[PDB]
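Quick look at query16.cif (mmCIF, C-alpha atoms and all ligand atoms):
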```cif
data_run
loop_
_atom_site.label_atom_id
_atom_site.label_comp_id
_atom_site.auth_asym_id
_atom_site.auth_seq_id
_atom_site.Cartn_x
_atom_site.Cartn_y
_atom_site.Cartn_z
CA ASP T 199 0.00 0.00 0.00
CA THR T 200 3.03 2.26 -0.42
CA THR T 201 2.26 5.69 -1.87
CA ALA T 202 4.11 8.10 -4.15
CA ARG T 203 5.07 10.48 -1.33
CA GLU T 204 6.90 7.66 0.47
CA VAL T 205 9.30 7.06 -2.45
CA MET T 206 9.37 10.44 -4.21
CA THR T 207 12.31 12.78 -4.55
CA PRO T 208 10.95 15.88 -2.76
CA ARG T 209 10.69 19.27 -4.45
CA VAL T 210 13.55 20.66 -2.38
CA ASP T 211 15.94 18.19 -4.06
CA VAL T 212 14.64 18.50 -7.64
CA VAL T 213 16.77 20.03 -10.38
CA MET T 214 14.48 22.23 -12.49
CA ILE T 215 14.71 24.89 -15.19
CA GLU T 216 12.58 27.88 -16.13
CA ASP T 217 10.86 27.89 -19.52
CA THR T 218 12.61 31.21 -20.27
CA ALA T 219 16.07 29.62 -20.06
CA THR T 220 18.23 28.90 -23.09
CA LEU T 221 19.01 25.43 -24.40
CA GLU T 222 22.68 26.11 -23.65
CA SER T 223 21.79 26.60 -19.98
CA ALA T 224 19.79 23.36 -20.05
CA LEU T 225 22.76 21.44 -21.47
CA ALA T 226 24.91 22.82 -18.65
CA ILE T 227 22.34 21.70 -16.07
CA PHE T 228 22.12 18.22 -17.60
CA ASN T 229 25.91 17.88 -17.67
CA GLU T 230 26.55 19.06 -14.11
CA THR T 231 23.79 16.97 -12.52
CA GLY T 232 23.74 13.93 -14.81
CA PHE T 233 19.95 13.60 -14.84
CA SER T 234 18.15 12.77 -18.08
CA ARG T 235 14.93 14.66 -17.29
CA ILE T 236 14.37 17.95 -15.46
CA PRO T 237 10.96 19.58 -14.84
CA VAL T 238 10.19 22.93 -16.46
CA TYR T 239 8.44 25.66 -14.47
CA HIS T 240 6.83 28.94 -15.52
CA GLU T 241 7.42 31.95 -13.24
CA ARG T 242 6.93 29.98 -10.01
CA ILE T 243 8.55 26.71 -8.97
CA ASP T 244 5.11 25.30 -8.12
CA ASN T 245 3.86 25.89 -11.69
CA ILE T 246 5.27 22.85 -13.50
CA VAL T 247 4.39 23.19 -17.19
CA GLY T 248 6.49 20.42 -18.75
CA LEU T 249 9.42 18.03 -18.62
CA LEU T 250 12.64 18.43 -20.61
CA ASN T 251 14.57 15.42 -21.90
CA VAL T 252 18.30 15.79 -22.54
CA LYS T 253 17.84 13.85 -25.79
CA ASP T 254 15.55 16.48 -27.33
CA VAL T 255 18.01 19.19 -26.25
CA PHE T 256 21.05 17.48 -27.78
CA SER T 257 19.26 16.58 -31.02
CA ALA T 258 18.27 20.24 -31.46
CA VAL T 259 21.93 21.32 -31.72
CA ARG T 261 19.47 18.24 -36.02
CA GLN T 262 20.62 21.84 -36.44
CA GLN T 263 20.68 25.14 -34.57
CA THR T 264 17.17 26.58 -34.78
CA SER T 265 14.73 28.84 -32.92
CA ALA T 266 13.87 26.02 -30.51
CA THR T 267 12.52 27.13 -27.12
CA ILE T 268 12.10 24.93 -24.06
CA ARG T 269 8.34 25.36 -24.44
CA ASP T 270 8.67 23.64 -27.83
CA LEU T 271 10.91 20.78 -26.67
CA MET T 272 9.12 20.10 -23.37
CA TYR T 273 6.35 17.51 -23.10
CA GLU T 274 3.37 17.17 -20.79
CA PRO T 275 4.07 15.54 -17.41
CA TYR T 276 1.93 12.88 -15.77
CA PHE T 277 0.62 14.49 -12.58
CA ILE T 278 -0.39 12.32 -9.62
CA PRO T 279 -1.42 12.86 -6.00
CA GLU T 280 0.79 12.06 -3.03
CA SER T 281 -1.67 9.30 -2.09
CA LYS T 282 -1.23 7.46 -5.40
CA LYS T 283 -0.29 3.83 -4.77
CA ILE T 284 2.94 2.96 -6.56
CA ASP T 285 1.63 -0.43 -7.73
CA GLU T 286 -0.88 1.48 -9.86
CA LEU T 287 1.66 4.13 -10.89
CA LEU T 288 4.19 1.54 -12.09
CA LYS T 289 1.65 0.02 -14.48
CA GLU T 290 0.39 3.43 -15.61
CA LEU T 291 3.91 4.65 -16.43
CA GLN T 292 4.56 1.41 -18.31
CA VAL T 293 1.52 1.94 -20.55
CA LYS T 294 2.65 5.50 -21.30
CA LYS T 295 6.31 4.46 -21.72
CA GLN T 296 7.19 7.36 -19.41
CA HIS T 297 9.92 7.31 -16.76
CA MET T 298 8.92 10.22 -14.50
CA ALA T 299 5.74 11.39 -12.78
CA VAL T 300 5.17 14.71 -10.99
CA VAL T 301 3.62 14.52 -7.52
CA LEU T 302 1.24 17.26 -6.39
CA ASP T 303 0.05 18.14 -2.89
CA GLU T 304 -3.44 18.88 -1.57
CA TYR T 305 -3.21 22.41 -3.05
CA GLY T 306 -2.24 21.19 -6.52
CA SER T 307 1.31 22.52 -6.10
CA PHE T 308 4.64 20.85 -6.79
CA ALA T 309 5.45 18.23 -4.14
CA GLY T 310 8.12 16.12 -5.84
CA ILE T 311 8.85 13.54 -8.52
CA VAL T 312 8.70 9.75 -8.78
CA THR T 313 10.63 7.75 -11.38
CA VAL T 314 10.49 4.03 -12.09
CA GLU T 315 13.81 3.71 -10.27
CA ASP T 316 12.24 5.23 -7.15
CA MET T 317 9.48 2.61 -7.15
CA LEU T 318 11.81 -0.29 -7.94
CA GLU T 319 14.12 0.78 -5.10
CA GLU T 320 11.44 -0.57 -2.76
CA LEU T 321 12.16 -4.10 -4.03
CA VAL T 322 15.73 -4.04 -2.77
CA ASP G 199 8.74 -18.13 -13.42
CA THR G 200 9.12 -16.08 -16.60
CA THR G 201 12.64 -16.04 -18.05
CA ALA G 202 14.72 -13.48 -19.93
CA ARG G 203 14.29 -15.18 -23.31
CA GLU G 204 10.51 -14.83 -23.04
CA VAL G 205 10.65 -11.02 -22.81
CA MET G 206 13.91 -10.18 -24.58
CA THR G 207 14.34 -8.26 -27.80
CA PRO G 208 16.07 -10.90 -29.97
CA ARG G 209 19.45 -10.34 -31.58
CA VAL G 210 17.90 -10.07 -35.04
CA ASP G 211 16.07 -6.89 -33.95
CA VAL G 212 18.93 -5.25 -32.01
CA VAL G 213 20.54 -2.04 -33.23
CA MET G 214 24.29 -2.39 -32.66
CA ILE G 215 27.53 -0.66 -33.64
CA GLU G 216 31.08 -1.84 -34.19
CA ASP G 217 33.81 -0.58 -31.88
CA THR G 218 35.69 0.69 -34.95
CA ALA G 219 32.89 3.11 -35.86
CA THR G 220 33.13 6.86 -35.36
CA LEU G 221 31.15 8.82 -32.79
CA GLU G 222 29.49 10.68 -35.67
CA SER G 223 28.15 7.37 -36.98
CA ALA G 224 26.91 6.51 -33.48
CA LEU G 225 25.04 9.82 -33.22
CA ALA G 226 23.38 9.06 -36.56
CA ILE G 227 22.34 5.62 -35.32
CA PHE G 228 20.94 7.05 -32.08
CA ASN G 229 19.00 9.73 -33.97
CA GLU G 230 17.48 7.44 -36.61
CA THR G 231 16.43 4.70 -34.17
CA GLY G 232 15.69 6.74 -31.04
CA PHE G 233 17.22 4.23 -28.63
CA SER G 234 19.33 5.45 -25.72
CA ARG G 235 21.66 2.43 -25.55
CA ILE G 236 23.11 0.27 -28.34
CA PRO G 237 25.45 -2.72 -27.82
CA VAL G 238 29.00 -2.55 -29.15
CA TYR G 239 30.54 -5.55 -30.91
CA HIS G 240 34.12 -6.35 -31.93
CA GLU G 241 34.60 -8.00 -35.33
CA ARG G 242 31.64 -10.39 -34.94
CA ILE G 243 28.07 -9.58 -33.92
CA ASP G 244 28.22 -12.34 -31.29
CA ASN G 245 31.23 -10.70 -29.57
CA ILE G 246 29.54 -8.02 -27.47
CA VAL G 247 32.27 -6.01 -25.74
CA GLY G 248 30.31 -3.07 -24.32
CA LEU G 249 27.26 -0.84 -24.32
CA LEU G 250 27.17 2.73 -25.65
CA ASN G 251 24.96 5.39 -24.06
CA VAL G 252 23.86 8.34 -26.20
CA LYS G 253 24.61 10.63 -23.24
CA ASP G 254 28.32 9.82 -23.22
CA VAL G 255 28.42 10.34 -26.99
CA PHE G 256 26.72 13.74 -26.89
CA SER G 257 28.77 14.98 -23.93
CA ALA G 258 31.97 14.12 -25.82
CA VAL G 259 31.17 16.64 -28.58
CA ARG G 261 32.65 18.49 -23.24
CA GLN G 262 34.82 19.07 -26.32
CA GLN G 263 35.97 17.31 -29.47
CA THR G 264 38.69 14.87 -28.43
CA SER G 265 40.29 11.56 -29.41
CA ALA G 266 37.40 9.63 -27.86
CA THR G 267 36.85 6.13 -29.23
CA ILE G 268 33.81 3.94 -28.64
CA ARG G 269 36.05 1.59 -26.65
CA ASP G 270 36.66 4.49 -24.26
CA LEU G 271 33.02 5.59 -23.93
CA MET G 272 31.50 2.09 -23.74
CA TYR G 273 30.87 0.37 -20.41
CA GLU G 274 30.70 -3.27 -19.40
CA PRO G 275 27.34 -5.00 -19.97
CA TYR G 276 25.59 -7.27 -17.49
CA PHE G 277 25.47 -10.68 -19.17
CA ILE G 278 22.78 -13.20 -18.22
CA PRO G 279 21.56 -16.57 -19.47
CA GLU G 280 18.31 -17.09 -21.34
CA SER G 281 17.03 -19.06 -18.33
CA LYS G 282 17.46 -16.12 -15.94
CA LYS G 283 14.20 -15.43 -14.11
CA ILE G 284 13.13 -11.82 -14.60
CA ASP G 285 12.10 -11.40 -10.95
CA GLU G 286 15.77 -11.84 -10.05
CA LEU G 287 16.98 -9.73 -12.99
CA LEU G 288 14.73 -6.80 -12.09
CA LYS G 289 16.23 -6.60 -8.60
CA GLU G 290 19.78 -7.11 -9.88
CA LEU G 291 19.45 -4.30 -12.43
CA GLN G 292 18.01 -2.05 -9.72
CA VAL G 293 21.05 -2.58 -7.48
CA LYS G 294 23.38 -1.77 -10.39
CA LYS G 295 21.22 1.17 -11.55
CA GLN G 296 21.47 -0.30 -15.07
CA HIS G 297 18.67 -0.34 -17.64
CA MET G 298 19.83 -3.06 -20.06
CA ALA G 299 21.11 -6.62 -19.78
CA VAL G 300 22.62 -8.75 -22.55
CA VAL G 301 21.23 -12.27 -22.92
CA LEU G 302 23.55 -15.10 -23.99
CA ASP G 303 22.71 -18.54 -25.35
CA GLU G 304 24.08 -21.97 -24.42
CA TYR G 305 27.21 -21.24 -26.50
CA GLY G 306 27.90 -17.92 -24.79
CA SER G 307 26.94 -15.99 -27.93
CA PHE G 308 24.65 -12.99 -28.35
CA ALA G 309 20.99 -13.98 -27.98
CA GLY G 310 19.28 -10.65 -27.30
CA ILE G 311 18.72 -7.87 -24.79
CA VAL G 312 16.35 -7.25 -21.88
CA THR G 313 15.58 -3.79 -20.50
CA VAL G 314 13.52 -2.85 -17.46
CA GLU G 315 10.73 -1.86 -19.84
CA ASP G 316 10.72 -5.38 -21.29
CA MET G 317 10.21 -6.90 -17.84
CA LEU G 318 7.61 -4.34 -16.76
CA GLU G 319 5.66 -4.96 -19.98
CA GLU G 320 4.64 -8.28 -18.41
CA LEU G 321 2.63 -6.38 -15.78
CA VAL G 322 0.30 -4.87 -18.36
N1 LIG T 401 15.66 16.26 -12.31
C1 LIG T 401 15.84 15.53 -11.21
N2 LIG T 401 16.07 16.17 -10.04
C2 LIG T 401 16.25 15.45 -8.93
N3 LIG T 401 16.22 14.13 -8.79
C3 LIG T 401 15.99 13.52 -9.95
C4 LIG T 401 15.79 14.12 -11.18
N4 LIG T 401 15.58 13.18 -12.17
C5 LIG T 401 15.66 12.04 -11.53
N5 LIG T 401 15.91 12.17 -10.18
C6 LIG T 401 16.04 11.10 -9.20
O1 LIG T 401 17.19 10.36 -9.55
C7 LIG T 401 17.01 8.98 -9.15
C8 LIG T 401 17.20 8.14 -10.39
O2 LIG T 401 16.12 8.38 -11.31
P1 LIG T 401 16.22 7.92 -12.82
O3 LIG T 401 17.05 6.71 -12.95
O4 LIG T 401 14.81 7.82 -13.40
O5 LIG T 401 16.93 9.17 -13.51
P2 LIG T 401 18.18 9.41 -14.46
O6 LIG T 401 19.40 8.75 -13.95
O7 LIG T 401 18.28 10.92 -14.71
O8 LIG T 401 17.69 8.74 -15.81
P3 LIG T 401 18.03 7.49 -16.74
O9 LIG T 401 18.59 6.38 -15.92
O10 LIG T 401 16.70 7.15 -17.42
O11 LIG T 401 19.01 8.04 -17.77
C9 LIG T 401 15.57 8.89 -8.64
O12 LIG T 401 15.64 9.20 -7.26
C10 LIG T 401 14.91 10.09 -9.30
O13 LIG T 401 13.94 10.57 -8.38
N1 LIG T 402 19.58 -0.88 -29.11
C1 LIG T 402 18.37 -1.45 -29.13
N2 LIG T 402 18.04 -2.22 -30.19
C2 LIG T 402 16.84 -2.80 -30.21
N3 LIG T 402 15.86 -2.74 -29.30
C3 LIG T 402 16.22 -1.97 -28.27
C4 LIG T 402 17.42 -1.31 -28.10
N4 LIG T 402 17.44 -0.61 -26.91
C5 LIG T 402 16.26 -0.86 -26.39
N5 LIG T 402 15.47 -1.67 -27.16
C6 LIG T 402 14.12 -2.14 -26.86
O1 LIG T 402 13.29 -1.01 -26.84
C7 LIG T 402 12.20 -1.22 -25.91
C8 LIG T 402 12.25 -0.08 -24.92
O2 LIG T 402 13.44 -0.19 -24.11
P1 LIG T 402 13.94 1.03 -23.23
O3 LIG T 402 12.80 1.86 -22.77
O4 LIG T 402 14.85 0.50 -22.13
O5 LIG T 402 14.85 1.83 -24.25
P2 LIG T 402 14.98 3.33 -24.76
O6 LIG T 402 13.68 3.88 -25.19
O7 LIG T 402 16.10 3.37 -25.80
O8 LIG T 402 15.51 4.06 -23.46
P3 LIG T 402 15.03 5.14 -22.39
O9 LIG T 402 13.55 5.09 -22.23
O10 LIG T 402 15.80 4.77 -21.11
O11 LIG T 402 15.55 6.48 -22.93
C9 LIG T 402 12.52 -2.55 -25.22
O12 LIG T 402 11.91 -3.55 -26.04
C10 LIG T 402 14.02 -2.70 -25.45
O13 LIG T 402 14.27 -4.09 -25.61
MG MG T 403 12.20 3.95 -23.42
MG MG T 404 1.84 17.06 3.18
MG MG T 405 19.12 6.46 -13.86
MG MG T 406 17.70 -21.54 -28.01
#
```
Rewrite the structure of this file - the entire thing - as C-alpha cells.
Ligand SMILES: Nc1ncnc2c1ncn2[C@@H]1O[C@H](COP(=O)(O)OP(=O)(O)OP(=O)(O)O)[C@@H](O)[C@H]1O
Ligand SMILES: Nc1ncnc2c1ncn2[C@@H]1O[C@H](COP(=O)(O)OP(=O)(O)OP(=O)(O)O)[C@@H](O)[C@H]1O
Ligand SMILES: [Mg+2]
Ligand SMILES: [Mg+2]
Ligand SMILES: [Mg+2]
Ligand SMILES: [Mg+2]
Amino acid sequence: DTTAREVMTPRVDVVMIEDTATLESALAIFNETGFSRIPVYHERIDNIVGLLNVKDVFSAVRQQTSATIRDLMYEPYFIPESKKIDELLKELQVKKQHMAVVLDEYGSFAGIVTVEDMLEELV
Amino acid sequence: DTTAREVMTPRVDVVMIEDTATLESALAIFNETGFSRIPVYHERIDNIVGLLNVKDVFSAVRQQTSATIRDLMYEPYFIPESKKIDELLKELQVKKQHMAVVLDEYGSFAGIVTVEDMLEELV
C-alpha cells in the first residue's frame, strides 16, 4: 500500500529549469547533474508546465534553430501524493514514461517519482 | 517463473555498432532509431564487448577529443536465457542499469532485456 510520497524525490531536491532559459543553460544543467529529465516551471517553482529530456536538447543542436524549451518540453503525468505505486508503475509502463510529478493537496509541486524510485522498494 | 528469453528483444532486432565506428556514426544511429543504448561488438556480432549510451556520446562533442567507442563504452551485465526476470529486475536495480545482454548456451549474443521489457509483463 506504499504511496508516491513515500518514495518520491521531494521538491527541495529537484533540479528544475525555467521555460525562459536557453538550451545552452539546459545542457549545462544536464551535464553538471547527470539527470536525463528535469521539470520545467513557468514563473513559479510550483507551476510545472512540462518536462525536458536531454535527448531532445542534444538533437536540437538536427541543427541550430529557434527552438525554445516550451517547444521541446512535453506534458508531465501528474499524480497525488496518495497514489499507490503499484498502480503508478503500471500506468507509467503503458505511457512508456519514466517520471511522474507529484502534487500536494493544493495542486502545487510536491516532488517527482521515477520508475527507479518505485523499484528501489524491491531491494 | 518467466525467463529473460521470453521477454527479450532478440538479436535479429537489435541495433548495434562496431567498436571501430566513429562517434558521428553513433550519433546518426541514435537519432534514426531513437534508442538510448546500443550494444558494441568487436569483429563479430556475437562478440559483445560493451554498451554505448547516447549521453556519453553527446557529452563528448565536453569538447571534441580523441574519444573512441572503446573508451566511452561500459561493461554489460550478461545473463543466461534461463534467468528469471524477478531476479533480474532486482539485480538491475542494485546496479542502476537499464539493459542486460542475454547469452545462449554457447555464450553468444541472444538478445537484450531492458527494465521496460520486464515491466511490460505487468500490463
Ligand atoms: N531532475 C531531477 N532532479 C532530482 N532528482 C531527480 C531528477 N531526475 C531524476 N531524479 C532522481 O534520480 C534517481 C534516479 O532516477 P532515474 O534513474 O529515473 O533518472 P536518471 O538517472 O536521470 O535517468 P536514466 O537512468 O533514465 O538516464 C531517482 O531518485 C529520481 O527521483
Ligand atoms: N539498441 C536497441 N536495439 C533494439 N531494441 C532496443 C534497443 N534498446 C532498447 N530496445 C528495446 O526497446 C524497448 C524499450 O526499451 P527502453 O525503454 O529500455 O529503451 P529506450 O527507449 O532506448 O531508453 P530510455 O527510455 O531509457 O531512454 C525494449 O523492447 C528494449 O528491448
Ligand atoms: Mg524507453
Ligand atoms: Mg503534506
Ligand atoms: Mg538512472
Ligand atoms: Mg535456443
Subject >> Top pick for closest residue to residue 295 in chain G, considering T:280, T:319, T:230, T:274 and counting all atoms listed in the file >> reply: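 Comparing T:280, T:319, T:230, T:274 against residue 295 in chain G, the winner is T:319.
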Go through chain G residue by residue and, counting only C-alpha atoms and all ligand atoms, keep those with an atom at most 12 Å from ligand LIG 402 (chain T); for each kept residue give the shortest atom pair and its distance in Å to one decimal, ordered by chain and increasing number, as CSV.
```
residue,atom,partner,partner_atom,distance
G:202,CA,T:LIG402,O13,11.0
G:203,CA,T:LIG402,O13,11.3
G:204,CA,T:LIG402,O13,11.7
G:205,CA,T:LIG402,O12,8.2
G:206,CA,T:LIG402,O13,6.2
G:207,CA,T:LIG402,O13,4.7
G:208,CA,T:LIG402,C2,8.1
G:209,CA,T:LIG402,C2,8.1
G:210,CA,T:LIG402,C2,8.8
G:211,CA,T:LIG402,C2,5.6
G:212,CA,T:LIG402,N2,3.6
G:213,CA,T:LIG402,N2,3.9
G:214,CA,T:LIG402,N1,6.1
G:215,CA,T:LIG402,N1,9.2
G:224,CA,T:LIG402,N1,11.3
G:227,CA,T:LIG402,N1,9.4
G:228,CA,T:LIG402,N1,8.6
G:229,CA,T:LIG402,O7,10.8
G:230,CA,T:LIG402,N1,11.4
G:231,CA,T:LIG402,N2,8.1
G:232,CA,T:LIG402,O7,6.2
G:233,CA,T:LIG402,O7,3.2
G:234,CA,T:LIG402,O7,3.8
G:235,CA,T:LIG402,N1,5.3
G:236,CA,T:LIG402,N1,3.8
G:237,CA,T:LIG402,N1,6.3
G:238,CA,T:LIG402,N1,9.6
G:248,CA,T:LIG402,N1,12.0
G:249,CA,T:LIG402,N1,9.1
G:250,CA,T:LIG402,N1,9.1
G:251,CA,T:LIG402,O7,9.3
G:252,CA,T:LIG402,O11,9.1
G:253,CA,T:LIG402,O11,10.0
G:291,CA,T:LIG402,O4,11.8
G:295,CA,T:LIG402,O10,11.6
G:296,CA,T:LIG402,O4,9.7
G:297,CA,T:LIG402,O4,6.0
G:298,CA,T:LIG402,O4,6.5
G:299,CA,T:LIG402,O13,9.3
G:300,CA,T:LIG402,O13,10.0
G:301,CA,T:LIG402,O13,11.1
G:310,CA,T:LIG402,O13,8.4
G:311,CA,T:LIG402,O13,5.9
G:312,CA,T:LIG402,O13,5.3
G:313,CA,T:LIG402,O4,4.6
G:314,CA,T:LIG402,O4,5.9
G:315,CA,T:LIG402,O3,5.2
G:316,CA,T:LIG402,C9,5.2
G:317,CA,T:LIG402,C9,8.9
G:318,CA,T:LIG402,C9,9.9
G:319,CA,T:LIG402,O12,8.8
G:320,CA,T:LIG402,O12,11.6
```
Chain G post-superposition (all in-order Cα pairs with chain T) as an mmCIF file with C-alpha atoms, in the frame of the given file:
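The file below, superposed-v8.cif, is the result:
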```
data_model
loop_
_atom_site.group_PDB
_atom_site.id
_atom_site.type_symbol
_atom_site.label_atom_id
_atom_site.label_comp_id
_atom_site.auth_asym_id
_atom_site.auth_seq_id
_atom_site.Cartn_x
_atom_site.Cartn_y
_atom_site.Cartn_z
ATOM 1 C CA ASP G 199 0.000 -0.002 0.002
ATOM 2 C CA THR G 200 3.029 2.258 -0.420
ATOM 3 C CA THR G 201 2.255 5.691 -1.872
ATOM 4 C CA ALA G 202 4.106 8.103 -4.147
ATOM 5 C CA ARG G 203 5.070 10.478 -1.331
ATOM 6 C CA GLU G 204 6.901 7.662 0.459
ATOM 7 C CA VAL G 205 9.298 7.061 -2.452
ATOM 8 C CA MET G 206 9.371 10.436 -4.205
ATOM 9 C CA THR G 207 12.311 12.778 -4.546
ATOM 10 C CA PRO G 208 10.949 15.884 -2.765
ATOM 11 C CA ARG G 209 10.685 19.264 -4.448
ATOM 12 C CA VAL G 210 13.553 20.660 -2.381
ATOM 13 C CA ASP G 211 15.942 18.188 -4.062
ATOM 14 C CA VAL G 212 14.634 18.511 -7.642
ATOM 15 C CA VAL G 213 16.770 20.037 -10.380
ATOM 16 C CA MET G 214 14.475 22.228 -12.489
ATOM 17 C CA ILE G 215 14.714 24.897 -15.185
ATOM 18 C CA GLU G 216 12.584 27.873 -16.136
ATOM 19 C CA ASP G 217 10.868 27.894 -19.517
ATOM 20 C CA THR G 218 12.610 31.205 -20.275
ATOM 21 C CA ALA G 219 16.068 29.617 -20.060
ATOM 22 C CA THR G 220 18.225 28.898 -23.093
ATOM 23 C CA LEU G 221 19.011 25.429 -24.402
ATOM 24 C CA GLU G 222 22.682 26.112 -23.646
ATOM 25 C CA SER G 223 21.793 26.603 -19.981
ATOM 26 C CA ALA G 224 19.790 23.361 -20.053
ATOM 27 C CA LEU G 225 22.758 21.440 -21.474
ATOM 28 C CA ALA G 226 24.907 22.819 -18.651
ATOM 29 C CA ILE G 227 22.341 21.698 -16.080
ATOM 30 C CA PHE G 228 22.118 18.216 -17.604
ATOM 31 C CA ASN G 229 25.913 17.882 -17.674
ATOM 32 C CA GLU G 230 26.558 19.065 -14.110
ATOM 33 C CA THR G 231 23.790 16.977 -12.515
ATOM 34 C CA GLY G 232 23.740 13.938 -14.810
ATOM 35 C CA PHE G 233 19.954 13.595 -14.836
ATOM 36 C CA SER G 234 18.155 12.768 -18.075
ATOM 37 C CA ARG G 235 14.927 14.652 -17.296
ATOM 38 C CA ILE G 236 14.374 17.947 -15.454
ATOM 39 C CA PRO G 237 10.962 19.582 -14.842
ATOM 40 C CA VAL G 238 10.195 22.931 -16.453
ATOM 41 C CA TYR G 239 8.443 25.663 -14.469
ATOM 42 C CA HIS G 240 6.826 28.945 -15.523
ATOM 43 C CA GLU G 241 7.415 31.947 -13.253
ATOM 44 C CA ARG G 242 6.933 29.985 -10.006
ATOM 45 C CA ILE G 243 8.553 26.708 -8.965
ATOM 46 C CA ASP G 244 5.109 25.303 -8.114
ATOM 47 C CA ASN G 245 3.857 25.886 -11.692
ATOM 48 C CA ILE G 246 5.267 22.852 -13.496
ATOM 49 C CA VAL G 247 4.391 23.186 -17.184
ATOM 50 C CA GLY G 248 6.489 20.421 -18.751
ATOM 51 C CA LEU G 249 9.416 18.034 -18.620
ATOM 52 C CA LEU G 250 12.643 18.433 -20.606
ATOM 53 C CA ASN G 251 14.570 15.414 -21.896
ATOM 54 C CA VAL G 252 18.303 15.794 -22.539
ATOM 55 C CA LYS G 253 17.832 13.856 -25.793
ATOM 56 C CA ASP G 254 15.556 16.480 -27.329
ATOM 57 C CA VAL G 255 18.008 19.187 -26.256
ATOM 58 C CA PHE G 256 21.050 17.485 -27.774
ATOM 59 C CA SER G 257 19.264 16.578 -31.013
ATOM 60 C CA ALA G 258 18.276 20.235 -31.460
ATOM 61 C CA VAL G 259 21.930 21.325 -31.717
ATOM 62 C CA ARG G 261 19.469 18.234 -36.020
ATOM 63 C CA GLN G 262 20.613 21.845 -36.442
ATOM 64 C CA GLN G 263 20.676 25.139 -34.574
ATOM 65 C CA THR G 264 17.168 26.582 -34.781
ATOM 66 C CA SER G 265 14.733 28.837 -32.919
ATOM 67 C CA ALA G 266 13.873 26.024 -30.506
ATOM 68 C CA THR G 267 12.524 27.122 -27.129
ATOM 69 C CA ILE G 268 12.101 24.934 -24.060
ATOM 70 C CA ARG G 269 8.336 25.354 -24.438
ATOM 71 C CA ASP G 270 8.668 23.646 -27.824
ATOM 72 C CA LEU G 271 10.910 20.779 -26.676
ATOM 73 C CA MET G 272 9.122 20.095 -23.370
ATOM 74 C CA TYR G 273 6.348 17.510 -23.103
ATOM 75 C CA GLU G 274 3.375 17.175 -20.791
ATOM 76 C CA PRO G 275 4.073 15.539 -17.408
ATOM 77 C CA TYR G 276 1.926 12.881 -15.770
ATOM 78 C CA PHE G 277 0.616 14.482 -12.578
ATOM 79 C CA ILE G 278 -0.398 12.319 -9.615
ATOM 80 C CA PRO G 279 -1.417 12.857 -5.998
ATOM 81 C CA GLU G 280 0.793 12.063 -3.030
ATOM 82 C CA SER G 281 -1.668 9.301 -2.086
ATOM 83 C CA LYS G 282 -1.225 7.465 -5.398
ATOM 84 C CA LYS G 283 -0.291 3.834 -4.770
ATOM 85 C CA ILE G 284 2.939 2.955 -6.563
ATOM 86 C CA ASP G 285 1.625 -0.430 -7.735
ATOM 87 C CA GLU G 286 -0.881 1.482 -9.865
ATOM 88 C CA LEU G 287 1.668 4.126 -10.898
ATOM 89 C CA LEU G 288 4.189 1.540 -12.085
ATOM 90 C CA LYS G 289 1.648 0.022 -14.474
ATOM 91 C CA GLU G 290 0.389 3.430 -15.616
ATOM 92 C CA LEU G 291 3.905 4.648 -16.432
ATOM 93 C CA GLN G 292 4.560 1.406 -18.312
ATOM 94 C CA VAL G 293 1.521 1.937 -20.554
ATOM 95 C CA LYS G 294 2.652 5.503 -21.301
ATOM 96 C CA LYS G 295 6.310 4.458 -21.724
ATOM 97 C CA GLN G 296 7.196 7.365 -19.405
ATOM 98 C CA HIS G 297 9.923 7.314 -16.758
ATOM 99 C CA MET G 298 8.913 10.223 -14.496
ATOM 100 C CA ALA G 299 5.739 11.388 -12.775
ATOM 101 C CA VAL G 300 5.168 14.705 -10.997
ATOM 102 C CA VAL G 301 3.624 14.515 -7.527
ATOM 103 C CA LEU G 302 1.235 17.258 -6.384
ATOM 104 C CA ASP G 303 0.055 18.144 -2.890
ATOM 105 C CA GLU G 304 -3.441 18.885 -1.573
ATOM 106 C CA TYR G 305 -3.206 22.410 -3.049
ATOM 107 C CA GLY G 306 -2.238 21.187 -6.511
ATOM 108 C CA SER G 307 1.305 22.523 -6.101
ATOM 109 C CA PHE G 308 4.643 20.849 -6.789
ATOM 110 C CA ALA G 309 5.449 18.230 -4.142
ATOM 111 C CA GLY G 310 8.119 16.113 -5.836
ATOM 112 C CA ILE G 311 8.842 13.539 -8.518
ATOM 113 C CA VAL G 312 8.703 9.747 -8.777
ATOM 114 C CA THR G 313 10.629 7.748 -11.378
ATOM 115 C CA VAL G 314 10.491 4.029 -12.095
ATOM 116 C CA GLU G 315 13.807 3.704 -10.271
ATOM 117 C CA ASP G 316 12.240 5.230 -7.155
ATOM 118 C CA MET G 317 9.479 2.613 -7.148
ATOM 119 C CA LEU G 318 11.808 -0.290 -7.941
ATOM 120 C CA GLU G 319 14.118 0.786 -5.102
ATOM 121 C CA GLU G 320 11.436 -0.575 -2.760
ATOM 122 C CA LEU G 321 12.162 -4.100 -4.032
ATOM 123 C CA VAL G 322 15.733 -4.040 -2.764
#
```
**OP:** Within 7 Å of chain T, which residues of chain G are there when counting all atoms listed in the file? Please give them as a PyMOL selection string.
**Re:** chain G and resi 256+289+292+318-319+321-322
Next, write the just-selected residues to a file, as a compact mmCIF listing (two decimals), in the frame of the given file, keeping C-alpha atoms as the atom set.
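Contents of out.txt, freshly written:
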```
# COMPACT_ATOMS: atom_id res chain seq x y z
CA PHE G 256 26.72 13.74 -26.89
CA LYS G 289 16.23 -6.60 -8.60
CA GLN G 292 18.01 -2.05 -9.72
CA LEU G 318 7.61 -4.34 -16.76
CA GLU G 319 5.66 -4.96 -19.98
CA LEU G 321 2.63 -6.38 -15.78
CA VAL G 322 0.30 -4.87 -18.36
```
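The spacing separating CA of residue 201 in chain T from CA of residue 305 in chain T amounts to 17.6 Å.
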Subject >> Given only C-alpha atoms and all ligand atoms as the counted atoms, nearest of T:308, T:303, T:268, T:287 to ligand MG 404 (chain T) >> reply: T:303
Subject >> Surrounding residues of residue 271 in chain G excluding itself and chain neighbours under 5 positions, 8 Å, all atoms listed in the file, as a PyMOL selection string >> reply: chain G and resi 250+254-255+266
Subject >> Between CA of residue 267 in chain T and CA of residue 223 in chain T - distance in Å to one decimal >> reply: 11.7 Å
Adding 8 Å on each side of the box along x, y and z that holds all listed atoms of range 293-303 of chain T, could you give its centre and edge lengths in Å to one decimal, as lines of an AutoDock Vina configuration file?
```
center_x = 5.0
center_y = 10.0
center_z = -12.3
size_x = 25.9
size_y = 32.2
size_z = 34.8
```
